[PDB]
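Only one chain is given next, in structure tokens, and it is the form deposited in one PDB entry.
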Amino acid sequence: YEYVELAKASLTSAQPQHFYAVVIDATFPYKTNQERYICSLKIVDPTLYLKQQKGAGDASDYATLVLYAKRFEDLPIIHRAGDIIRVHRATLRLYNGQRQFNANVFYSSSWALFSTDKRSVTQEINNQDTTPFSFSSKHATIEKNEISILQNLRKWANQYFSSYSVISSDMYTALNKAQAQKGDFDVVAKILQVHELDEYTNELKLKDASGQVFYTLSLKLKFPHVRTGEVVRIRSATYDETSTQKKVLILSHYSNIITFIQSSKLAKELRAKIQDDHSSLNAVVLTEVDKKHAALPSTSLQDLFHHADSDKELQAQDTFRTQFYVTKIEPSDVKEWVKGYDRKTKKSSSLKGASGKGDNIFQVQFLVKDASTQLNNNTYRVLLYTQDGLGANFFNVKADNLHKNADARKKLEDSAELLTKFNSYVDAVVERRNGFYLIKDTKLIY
């Protein structure tokens, strides 16, 4: 078996071609006629892909794929944009100005789906994987020459989705423009809530960039992968005219609810911008980030400490945002949280000597964790070192000699408790400085 890249496939329906590609869109498998099923997809690869960060996408920068079968069960069900598909025996032809690969599974063509995500669903562990999780033939195995192809496409897919939006603005309609649509349309939104209306009827509360909120019923039997907080792209939805209270989206037998691979820049972006207008301390965010960082995407501790100098994005920037819960604060002695600092030697020192140099700072360490790291036994440190102003206002308390000022000390002691004993978490912006992440432009709201 020899594979060719999408942009290099020969233009013919005479010689069977094979390839590995990244899926960016897919309908659910559906009956188009009697004894004739179809699954339509949009695919990209290193030789053919979308490069815009925003706005319309160039239709000549991605290719399509139409899979044909005579039974529903022979077609693939694709949940995640960013996953990989391997097709054996496909033809290529031009349709509506695009490279359109075709493949009759009912003849001798086959397909196989490979997971592109490195970590698990909860983002908690590493799942690194040379075998398809879903495939058309009984031939559930891969060849040697394929290994490198799959491994490289995965790496590329992740790098690609983390660098580009991939899904362009013409591939969806803002919800505020939905009621006005003639027929069906696509949606890119964040799932704000999942409500079980019946054992397998999950009502999804959707919200997109336009700030409009819609609801839709998703069949749990088909889409057991959707969960609260995730961003999805709905392929084909129509507006329910008979919706009076809630604005409702209706899905069809060919509609698909597509998630994005974890590295997706578009998803990270949307998870950050979209919030739900809603309405004894437990599991609440304890901080407030300067508004100037409002639309800044969050980075997991996993990416922050293990891929920092390993990405064509992270190694470039110095300011990040992340969320975590504090497992411990050091120094243990809160009185030592505020120290004396010498500008000339950049040396800190206890204030238990009663010095009065005035220049006091904070030098606190937070041992933290988040979902991407809590299952491992590493320690991750985030610093609150203010000799240069970064994080100066975190505690909403001036850096005074805590050996003398008893109130400031107790105030800080409460904060320590607050940061570690109520399932609460920190949302902070940090700046890399000499191999350390220092908190900045972030302050407690408690």
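Whichever C-alpha set is largest while still superposing within 1.5 Å between the two forms counts as the rigid core. Sequential numbering from 1, following the sequence displayed.
In this entry, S279 and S280 are separated by 10 or more residues of the deposited sequence that lack coordinates.
Gap between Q128 and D129: 4 to 9 deposited residues without coordinates. Stretches compared: 220-228, 115-123. Higher mean C-alpha B-factor in the entry: 115-123.
Set 381-389 against 53-61 and average the Cα temperature factors; 53-61 ends up higher. Highest C-alpha temperature factor among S310, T91, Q193, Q262 per the entry: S310. Across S40, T420, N401, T47, the greatest Cα temperature factor reported in the deposited entry is at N401. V213 sits in the middle third of its chain by CA B factor, as recorded in the PDB entry. Placement of the Cα temperature factor of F185 within the chain: lowest third of the modelled residues, per the deposited record.
Sort the modelled residues of the chain by CA B factor and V22 lands in the lowest third. In the PDB entry, a CA B factor belonging to the lowest third of its chain's modelled residues is recorded for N202.
Ranked against the other modelled residues of its chain, the C-alpha B-factor of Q315 as given in the entry falls in the highest third.
Another form exists, deposited in another entry; not displayed. Remarks below refer to it.
After superposition on the rigid core, the C-alpha displacement between the shown form and the other one reaches 2 Å or more for just one residue among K268, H88, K222, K335, namely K335. Core-superposed comparison between the shown form and the other one: CA of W111 displaced by less than 2 Å. Core-superposed comparison between the shown form and the other one: the CA of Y20 stays below a 2 Å shift.
Comparing the forms between the shown form and the other one, the C-alpha position of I38 differs by less than 2 angstroms, with the core used for superposition. Note: the CA-CA distance for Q53 and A7 contracts in the other entry relative to this form, by 3 angstroms or more. Between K54 and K8, the Cα spacing is smaller in the other entry than in the shown form, differing by no less than 3 Å.
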